[PDB]
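Chemist: Experimental coordinates follow, after the sequence.
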Amino acid sequence: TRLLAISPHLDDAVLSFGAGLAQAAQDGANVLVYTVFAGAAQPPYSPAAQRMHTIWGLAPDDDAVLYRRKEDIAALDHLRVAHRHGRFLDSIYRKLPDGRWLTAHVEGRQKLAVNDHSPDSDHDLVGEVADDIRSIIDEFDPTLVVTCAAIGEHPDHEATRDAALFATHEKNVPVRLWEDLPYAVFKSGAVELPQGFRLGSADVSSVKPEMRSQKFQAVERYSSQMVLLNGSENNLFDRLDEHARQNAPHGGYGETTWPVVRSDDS
Ligand SMILES: [Zn+2]
């Protein structure tokens, strides 16, 4: 078993699928977690990115990607799994064809806005990511790929998911999507996939207490994300536990995943 996890950002795979990853490694699978939007970034940073760096406990002009890459390696090392850091820039670092930043801070507004841009630029990014995933599939030869459902509709999550669907389809490799956490605690769960793909029946995993502990300890390695993830209740792990309990009342901890299959008539 060769399991390739494809994470949009440096944290998503562990938050969403860390128990699954840790399980797979125990069961003797060869596990690699490739993060798409782990591309090196350097100043000048946008006001929005500088604001994010501050929220992450860094100075505005710190090399945030380096800090986050080191966190990811610690987290994945804790799960006893391999890492691979991709070349693509997080949405907060990307520019539009016209030279504007992709993402902007709006005075008063907490949530960051995305600037309008052409169909083509979106298409091009997904195409590039798909190219890199195809290359990694050739190199690593996975028997299973897992990536995000993009619950919560983060553009980087949607780009990752779509690129993985295209690449795995072309390469004829089985693929599953995980339930994005903690996003799924606040969103309906429904997603719109690219034409021709659909979700099969959910699997809700059941993992031993030791794996839950390992997952949660691994999440803690992402120091930069802790304040953001815990919120003003300081209750990330409680919310994750409650979410799992909802989906398995007579169970222990678990993670929801769906197989992705081809639609009828496609
Ligand atoms: Zn993410």
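Modeler: Thanks, I have the structure now. Numbering: from 1, shown residues only.
Chemist: what about residue 34, which SS state?
Modeler: strand (DSSP: H, G, I helix; E, B strand; the rest coil).
Chemist: Mind listing residues that contact stretch 58-70?
Modeler: 10-11, 38-43, 45, 49-54, 56, 85, 90, 222, 224 (C-beta atoms under 8 Å, 6 or more residues apart in numbering). For the C-beta atoms, the positions are set from N, CA and C on the backbone; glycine is no exception.
Chemist: just the strands in the stretch 1-150 of the chain please.
Modeler: Secondary structure of the stretch 1-150 of the chain by DSSP state E, counting those that start in this stretch: the strands cover 2-7, 30-35, 82-85, 103-104, 113-114, 144-148.
Chemist: can you redo the ones you listed as TSV with mean neighbour count and distance to residue 263?
Modeler: Below are these laid out as TSV (neighbours: other C-beta atoms under 10 Å; distance: least, C-beta to C-beta, whole Å):
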stretch	mean neighbour count	distance to residue 263
strand 2-7	26	21
strand 30-35	23	26
strand 82-85	19	31
strand 103-104	18	32
strand 113-114	12	28
strand 144-148	26	18
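Chemist: can you redo the ones you listed as TSV with distance to the ion?
Modeler: What follows is the strands of the stretch 1-150 of the chain, written out as TSV (distance: least, C-beta to the ion, whole Å):
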stretch	distance to the ion
strand 2-7	8
strand 30-35	9
strand 82-85	14
strand 103-104	13
strand 113-114	15
strand 144-148	8
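Chemist: could I get these as JSON lines with distance to residue 96?
Modeler: Converted to JSON lines, the strands of the stretch 1-150 of the chain look like this (distance: least, C-beta to C-beta, whole Å):
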{"stretch": "strand 2-7", "distance to residue 96": "25"}
{"stretch": "strand 30-35", "distance to residue 96": "23"}
{"stretch": "strand 82-85", "distance to residue 96": "25"}
{"stretch": "strand 103-104", "distance to residue 96": "10"}
{"stretch": "strand 113-114", "distance to residue 96": "10"}
{"stretch": "strand 144-148", "distance to residue 96": "24"}
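Chemist: among those, which is nearest residue 179?
Modeler: Of all the strands of the stretch 1-150 of the chain, it is strand 144-148 that lies closest to residue 179, at 8.6 Å by C-beta to C-beta.
Chemist: Many thanks, have a good one.
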